[PDB]
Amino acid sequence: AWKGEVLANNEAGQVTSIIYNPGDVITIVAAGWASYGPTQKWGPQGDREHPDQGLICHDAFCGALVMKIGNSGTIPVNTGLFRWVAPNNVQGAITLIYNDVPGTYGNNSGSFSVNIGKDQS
């Protein structure tokens, strides 16, 4: 299992020690407060009221927690995933990333605390 922080201003994301392998079932729980700019902060689901101006993940809100597995495209994490299995042909280290528009991470703040573990399978 892995536990750590993902900073909202980290554009390249936080690489974890979890290597997702084919067939793996995983659980993720994410908590905390962060912002893509405003002084207000939001949780791991992001800001449901904010428009998508070119987010790295178009299937989650701005300010949401997302991830990449190996060199996959972004996948929404939000508050977490429960006994979750990746699509076919997706594998590799899990990298956690705050959902924002490329080039605009500089004014972000806060972080999410995240647990990831592999489940019985």
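Here, rigid core means the biggest group of C-alpha atoms that superpose within 1.5 Å across both forms. Residue indices: 1-based, along the sequence shown.
With each structure aligned by its rigid core, the stretch whose Cα atoms sit farther from this model in 9 other deposited structures of this protein, between 81-89 and 24-32, is 81-89. Mean CA B-factor, 50-58 versus 78-86: the higher value falls on 50-58. Across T95, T27, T39, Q45, the greatest Cα temperature factor reported in the deposited entry is at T39. Annotation for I19: CA B-factor lies in the lowest third of the chain's modelled residues.
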